[PDB]
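Structure first, then comments.
A, B, C, D, E and F label the chains in the order they appear, each numbered from 1.
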Amino acid sequence: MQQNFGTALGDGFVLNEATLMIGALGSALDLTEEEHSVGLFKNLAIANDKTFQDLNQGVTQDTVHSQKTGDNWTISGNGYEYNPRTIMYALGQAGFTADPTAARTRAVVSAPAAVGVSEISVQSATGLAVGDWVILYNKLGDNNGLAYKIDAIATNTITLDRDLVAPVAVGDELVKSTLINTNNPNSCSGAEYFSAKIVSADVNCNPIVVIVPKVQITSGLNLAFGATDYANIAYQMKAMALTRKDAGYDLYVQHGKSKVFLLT
Amino acid sequence: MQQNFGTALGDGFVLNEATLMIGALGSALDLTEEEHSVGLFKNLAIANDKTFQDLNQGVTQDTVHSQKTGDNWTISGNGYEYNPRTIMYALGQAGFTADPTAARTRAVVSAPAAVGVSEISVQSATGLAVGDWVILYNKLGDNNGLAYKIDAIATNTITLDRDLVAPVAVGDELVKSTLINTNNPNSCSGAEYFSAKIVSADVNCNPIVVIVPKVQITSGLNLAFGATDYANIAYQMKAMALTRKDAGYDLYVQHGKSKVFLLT
Amino acid sequence: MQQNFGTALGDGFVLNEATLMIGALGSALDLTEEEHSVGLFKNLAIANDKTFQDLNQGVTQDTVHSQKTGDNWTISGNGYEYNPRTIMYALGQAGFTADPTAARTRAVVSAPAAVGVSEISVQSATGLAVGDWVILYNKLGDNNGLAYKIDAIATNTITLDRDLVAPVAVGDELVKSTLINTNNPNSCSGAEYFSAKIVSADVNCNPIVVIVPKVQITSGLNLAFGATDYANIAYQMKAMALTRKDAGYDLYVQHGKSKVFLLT
Amino acid sequence: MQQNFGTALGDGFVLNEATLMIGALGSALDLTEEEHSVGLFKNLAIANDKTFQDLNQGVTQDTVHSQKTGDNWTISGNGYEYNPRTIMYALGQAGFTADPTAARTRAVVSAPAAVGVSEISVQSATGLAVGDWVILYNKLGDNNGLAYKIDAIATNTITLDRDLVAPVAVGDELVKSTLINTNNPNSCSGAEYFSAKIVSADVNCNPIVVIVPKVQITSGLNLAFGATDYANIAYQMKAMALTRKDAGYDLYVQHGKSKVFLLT
Amino acid sequence: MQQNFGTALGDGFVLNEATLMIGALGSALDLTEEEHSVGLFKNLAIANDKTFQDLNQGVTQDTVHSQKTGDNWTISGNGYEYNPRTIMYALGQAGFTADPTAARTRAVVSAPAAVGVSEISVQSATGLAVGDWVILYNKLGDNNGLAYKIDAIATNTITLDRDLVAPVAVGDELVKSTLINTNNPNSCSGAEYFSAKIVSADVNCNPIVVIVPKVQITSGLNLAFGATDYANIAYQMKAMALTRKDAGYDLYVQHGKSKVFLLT
Amino acid sequence: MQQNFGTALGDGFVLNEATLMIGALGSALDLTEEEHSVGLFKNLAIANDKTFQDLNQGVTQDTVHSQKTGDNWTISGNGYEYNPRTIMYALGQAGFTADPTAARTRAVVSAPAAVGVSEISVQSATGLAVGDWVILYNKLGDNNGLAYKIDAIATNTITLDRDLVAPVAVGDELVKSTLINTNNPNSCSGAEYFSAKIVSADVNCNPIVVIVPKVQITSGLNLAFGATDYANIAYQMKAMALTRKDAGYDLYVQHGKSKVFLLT
């Protein structure tokens, strides 16, 4: 005679992870994983907070009216990949321009160099151009982490920007690197806006798509070193309302001026 | 000679879950599980908080009078189902209009489509109409989560709203979906009111019914993705006093102007 | 040669539970368990907090005088019974009028009823009167928790207050129930005062009696549903000083104007 | 070659409990355990807090002077005995007047009494006097905890202050009790001062004596009922400076106006 | 090819305890363990906190200047010895005058004494002088912790300051004790300054010496009794800058006006 | 048919420790581990915090503009080495001038010295000069930690600055030490600026270099003694913007006025 209360009426349950794609403003619906995804993303969460203003009357304060004063959307997660794209994303810059699967050249030194010189001889200058950054790799000795900028390439001789402080022997390598600057000088205000898309699925493989026309990344670069577990970057984003001059305004007003709309 | 203190005088103990039904304003007593229930609901709690104002006299502050200044009712729980009805409920919209047991069409593509086209050929356009939303499902490749709106259906040819950015091969599927907008443009204030009903039972299968003529959903949509446990939505509701223009005012004044009344 | 410090001088130790009785104002000494007890009560605690005002002199602040500014008594516990008496107690109403061992009638339907009718035929209308509340119990199907008020009883035909929204078959039952309203309309202020008594015993079966002439219940109804453990109601009471118009003022001034006095 | 730092220079270590004695003002040095001790006392702690006022100069704030503005002494512990003496101590009253090893009379009823009578017949009225309080003990039935005051004793007939609400059969007992009132009407302010003494010993059985000429009990009566562990009362005391009119002022000024002095 | 980062460059690691010495002002460099050490000291910690004031310009608040506004040094630890020296140290008094290895006399009573007398006969008055304090030790009976001051010694008869309240039998002992007063009447302000020294060693037995010319003890006497673990006293000290009139000013200005200097 | 979401797109994961190098202002790119490293460093973390100022319009507060008001960089870690270089670094002084692998002389006494003398005879005065500091090491007896300054060396006789307070026997040693003063008298403000560099690697041995042209050490010396685990020093640094007069300003403006730039 026992009766069960609060039982299920369907099968739409969610146990999975989600993919976060960030791209240029105006192309929220046309984001692809290869070109716009972040990478290994864990614990993606979406939060909504609403605030109301109430008018009350009487001793017992009976509400006669209630007015919404603001709703806020927040996106957070953890990223487990340190490449130029993810670092640029974490710094609030356009990270989709870079690539996570790029190669690193590794040239080989064929002639020893002493302290005080600014020229080096390599096996072949293929993949290295003027203005590139290289990090010296020494087979024996401590790693001082010395980076040099290539100024001129003539034949097999590379001229570095500044004189050497440690000797380079035969067999050492010059590993190509990318320079990332934490300050963007072309942004007057320092705030840059993007578009976002979130993709997931149900237990029955029913897709879930969440589209945010405008987002702002309010977090910063966080790198913690340790031997216990893998380092990760904490992400935080907020959704904003579009204006007349903003790209994608037509999509914004077509969907009832919604910051976020779902396709379930 | 040992004596027992604080012993039981009856058998009315409660160890069970409860069913929460939300419906239109004015029909609090006629809610049915199939049409108005939320679904899998866990940890339903009802809370009452009362505030008093006291007048005191003397050095020791002896109370001469005490006046109630307000009582508040709050309903909370966890929902484990992600369908249009529950999402609409969580967003503060009329979720009883939708259905949790609806079907998804899944059409089959019979002709390959390249990048830059906006027309596709399917096996049969049964269940798909103009203005519907479809999510492309690719058997091979990454899932970019691309959604399209059907603009015109002629014979077996479907014209999508915008040009393709990824190719569609033979055997791909178009999964029907529903569009949910987080902003309701027909609400001047943004606050919408409903009726609620809670059903449970004792250990001896004695029913318990709680009826709330007016409620307001003060929470928001909360979706958290992870591989540890199933995702759920946290709900929060508050009871309010009815006015002359509100539907169900006759029931409100008949029961002594009570926000909540019980039938145990 | 070892010496023991802080040793016991008697045998008055307390390891037991206590019984809490709440009754009408003025009869604090004549409360009986059957008519005034709450039921299964756990973790009963009595707390006293005193505040003093000190006058200080000198740089080191030597106290010259100290004046008491107020003492407060608080009673709390957990109740594990959900019946009309305990719910009325938790709501701040006179719960001793109801009974925890009352019966529920359960009538049997002998004729099917369709949707849209407001009359039903039962086996026998014994125990059911005009104005009673009944909850429909269906053997098969979901439990929508539908409650009806009896308007008129003629022969074996019962006329309900409103039309049916779900069909009733043969074999269904009408379970009698009691209506509890959370708002008392006959109280101008909303604060109602009672008397209390606490009974316990020592390890040597020596009775302990605590008598509080006036109490106010400052808590509210708290119901939490779950499958982990039994639901309980948290109680909170405060002791107050009696006035000239209050019943039992003679007992108050006879015992030195004490809010609480003990008989150990 | 390893060297040990922070080694011991003596054997004065303390692992034991302490005895707390509270008595009348002026007799701090002549307190005895039988007449002034509290009983089973656990976790006795003494705390000192000092406050200073500093005068600083310069950008780096170099202190030129420092003046003490007050020192405070606090005594706390847990008591595991519920008798009139300990309850009076916890309420801030002179508890040394009562005794913890007193007896309880227990008279036997030799004639049944019905509801509505105010006279009872006992075996022998030895140990019971006019004005005493008795708690009725019933062999069979629930324990309502009924207390009566004896008004007149003639032969074997005892006249109670108020009419009976429950019947008394043959074999029931009248247990003598003591009435404790939480409010002292003979204290104008509500603050009463006492003397204290603390006795302990070292590991080598070297006595430790702490003498506090004046203390004030700032805590209140705390009784918590439960089946997990034994109930206890939390104590808190503060030391104060004596004045000219206070008893024991000669001892105060003889020891340099010290609130607490030790004999180790 | 794996490379290790953040590797050690020497062997100066510290796993040991430290010795804390407190002595008179002006002799910070000449403190010896026997005469100035505290005793069993555990968990010695040294803390430095610095505060800066910054001047900022622009919207992004670029610092143009930063000025130190104060540095603070704090010394803390736990002491596990209760003797006159450590108690005097904890009370903020000159504890180096006392000795931790002093003896306690223990005289033997050779004649019974009744209640009301103030004279006692002992075996031999060796080690006891006029003005000493003695604690009576009774072989049988409760320990009331009674302390008496010797007023006059004639032959084998000792005259106590006040009359007896408990009888003394044959075989009882009079244990000599020391009187400690918590208030120093010869200090106008209540703040007394000392010198400190800390001694430790590395893993390779390389000594570490820390010298603090002036310290102030800001803690108080803390005694907690219990049967779980040994009682200890928490210490706290702060370093201060010396003035012209302070002893050791020459050492202060010779080392660049440093509050603390190290010899590692 | 199961699909995986949030998958990895590369192999740039980080599980390793990092090396922190601190050197003179202006040479951020030319720091070497032997001369500028701290030593055993654990749990190195880099944190970025950004603040924005928003202009809002309407009841719902739609942001029209957002302006950055400041970004902050913080570097923290734990150091497990106590030598002059690390102590000077922790005190905010130029620690790269000292060396962590220096030797300690240890001279041998060949003639006993009594209390009150200020001259001592050693085996050979090699490695000891005028003005050096020596700590006396006694083979037998307690360690008082006595330090002396050498005033004059003639033949094998060493004259100490002050008279002896403890005797020195034959076989005792004089261990050379270094004096560190916590206050720098040549700094007008007390704030000194340095350059920093951080070196690490990926799982595939791809170097990571972080360069901070200007840092300020805002922490202080923290030494905690105990027998449980090894003592360590907590470090904290903050990055600042360079000015015209600061060294390395050319590097600052060349990289877009960035406080921190990365080479990954």
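The rule is short, and it goes like this: a contact is a pair of C-beta atoms (placed from the backbone, for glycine too) under 8 Å apart; a residue touches a chain by one contact, two chains touch by 3 or more.
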item: Reference chain F; chain at largest CA-centroid distance; value: C
item: Self-contact between copies chain B and chain C, residue sets same or different by half; value: different
item: Interchain centroid distance [CA atoms averaged], chain A/chain B, Å; value: 34
item: Centre-to-centre distance between chain F and chain B (centres being mean Cα positions), rounded to whole Å; value: 58
item: Distance from chain F to chain C - Cα centre to Cα centre, in angstrom; value: 67
item: Two or more partner chains touched - positions in chain B; value: 3, 5, 16-19, 33-34, 42, 44, 67-68, 71, 143, 199-200
item: Residues on chain B engaged by chain C in the complex (per definition of touch); value: 1-10, 12-19, 21, 29-34, 42-50, 52, 59-68, 71, 197-200, 202, 206-209, 211, 255-264
item: Of all residues in chain B, those that touch chain A in their complex; value: 16-20, 33-34, 37, 39-42, 44, 67-71, 80-84, 86-87, 92, 100-101, 104, 133, 135, 137, 142-147, 162, 165-166, 175, 177-185, 189-191, 199-201, 205, 216, 218-227, 229-231, 240-241, 243
